[PDB]
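First comes one chain, alone, set out as C-alpha cells in the form deposited in one PDB entry.
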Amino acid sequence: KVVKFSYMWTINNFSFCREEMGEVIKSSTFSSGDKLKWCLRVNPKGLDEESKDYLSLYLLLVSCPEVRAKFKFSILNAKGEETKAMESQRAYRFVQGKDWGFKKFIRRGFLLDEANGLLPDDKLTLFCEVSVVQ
C-alpha cells in the first residue's frame, strides 16, 4: 500500500554567498494528485560544523489534515541524468512542520566543479521521489 510521486525543483541564480542566497530556501508545494502538501527545503550551506562543507536537503510536510514515508533525492545533471542519489533506508514519521533528509547531501566542493555539470548556468536541479505508506 504505497503511493509514489515526485517533484523536480530548479533553483535559479544559485550562489554560494549566504548574504545573497539566504540560509534556507524552500520549493513550492506538491503532492501525489491529494490533500497532503509537501515541499523541499535546502540549506545551501550546512547550518552546523559537521555539515559546513555541504549543502543540506530535506523533505518537509507542509500541510497535514500521522504519515509515514520514504524518500530519495538526486541531482539532475546537464544532460538530464540522475546523480549523487541519496535515499532513506526506511520510512519516517512526518507531522505538519516536520522534515527529514540529509544534512550532508552533497559536498559544496562538488557543486563548484564544472566538470560534474551539476550547476549548468548557475542552476541547481533537484529531483525528489516520495513513497507514502498507506
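Only residues modelled in both forms are compared. Numbers follow the displayed sequence, beginning with 1. Here, rigid core means the biggest group of C-alpha atoms that superpose within 1.5 Å across both forms.
If you look for the form deposited in another entry, you will not find it shown, but the lines that follow are about it.
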Threshold 2 Å Cα movement between this form and the one not shown at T10, rigid core reference: no
Flag for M21, CA shift 2 Å or larger between this form and the one not shown after aligning core: yes
Cα-Cα shift for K103 and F16, closer or farther in the other form, minimum 3 Å: farther
Sense of the change in Cα distance from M21 to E81 in the other form - at least 3 Å versus the shown form: farther
Shifted regions of at least three residues between this form and the one not shown, judged by C-alpha displacement of 2 Å or more after core alignment: 15 to 22
